[PDB]
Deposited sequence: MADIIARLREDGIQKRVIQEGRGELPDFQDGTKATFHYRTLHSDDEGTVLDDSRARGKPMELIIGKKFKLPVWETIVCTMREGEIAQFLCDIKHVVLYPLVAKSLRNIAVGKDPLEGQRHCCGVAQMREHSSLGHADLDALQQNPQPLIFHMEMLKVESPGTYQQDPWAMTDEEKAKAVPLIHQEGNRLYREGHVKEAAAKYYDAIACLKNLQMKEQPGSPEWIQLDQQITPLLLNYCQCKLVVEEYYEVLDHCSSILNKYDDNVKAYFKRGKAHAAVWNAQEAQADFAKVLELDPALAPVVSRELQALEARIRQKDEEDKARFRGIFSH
């Protein structure tokens, strides 16, 4: 209706510098608005404590799931696409400022944003919007998705990560697998343990965890692979791939006995593929013999 008339009575006074383009958006429960911000102290000292457009770091914003701070949502409500404006805010709204800028900039003891902890006062806010889209057009990120839709979106992330791995990229594939694993694990919390649904959720995470282990192994990060393979084995103790990956990781970090035991379990569980395990054992033995020869050199006349 008239949201500026509501804002002015709400206690926030604003001014428009350059009006935006298009039409006012609905901004219903769940809407993304990518925009820049530049906060500078109104009158206490006049400096700039935080900045987003100064160094080119837009602030991705979803409009109103909870967003404990109400001020930013209302601020972004009264603008359209491609609009820039500046304004102040009363102390009653940003009285919890230290809980916002504590890590939003570091993650990517501040002496600038903490001035309000001792002297709260009006604070200017320079917003600059670029795009504003409702859910359904942009790709929703996993944390803010609903369980019903994520239960169907999980396979897409799996296939995307698989394609990325085959195409020759592992870090991005590792991240995709990590996100899919996080989505699946979070879902398990909704069901009771041991129930058939819990097991069903647990069956489709094993392939993703195995893929993540394989991706980590290619990156030369073996202790994480050991941890994850051990976690799989403690519950299944029948996965040939898990045992193979665990043995390979053990051999990488010079865990000879455990690697040999894991490969032996692989053989006695799925004897079909002997030659691969034999080649792995022989390579490990050659490496161990070379290192033993080298040590024989180090340890020579150590006493005489």
Q.
Going by C-alpha coordinates, which parts of the deposited sequence are missing from this model?
A. 1, 110-133, 330
